[PDB]
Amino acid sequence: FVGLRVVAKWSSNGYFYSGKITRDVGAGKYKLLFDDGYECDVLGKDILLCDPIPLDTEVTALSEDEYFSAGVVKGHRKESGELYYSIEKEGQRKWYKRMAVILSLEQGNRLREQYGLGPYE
């Protein structure tokens, strides 16, 4: 799993953020370097192995206002090595960079069966 892009939370009740696995700590633990620079140990139950976030997924899109709202992924595009998500909010679509696209606790939990690492105790 080392080197794979993931979306993961670093707290049991937090949001899922994009990052990469950097080290297999063992016993279901992994060291994760988030795209924002935060690095910590994360349990496999908190890790989603999906990249990019699939189409029609409900996500949380961060505006640079410090505003945020739920949206639905409607497309992806890679521009100069950077991934962008087309997010639809009540019929309007806009492009968001990868670090602006996260998953709420409830949004990411709904992806654990298809993409979650585990184990799940």
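All residue numbers are counted from 1 along the displayed sequence.
* Asked: Hey, which bit's got the bigger mean C-alpha B factor in the entry, 14-22 or 93-101?
  -> According to the entry, 93-101 carries the higher average C-alpha B-factor.
* Taking the mean of the C-alpha B-factors per stretch from the entry, tell me the winner out of 84-92 and 45-53. => So the stretch with the higher mean C-alpha B-factor is 84-92.
* Asked: Which is it among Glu58, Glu39, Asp35, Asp65: the one with the largest CA B-factor in the entry?
  -> Answer, based on the entry's C-alpha B-factors: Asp65.
* For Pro119, the third of its chain into which the C-alpha B factor falls -> Middle third - that is where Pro119 ends up once the chain's C-alpha B-factors are sorted.
* So where's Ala8 on the chain's Cα temperature factor ranking, which third? -> Its C-alpha B-factor belongs to the lowest third of this chain's values.
* Thinking about Cα B factors across the chain, which third does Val72 belong to? -> It falls in the bottom third of the chain.
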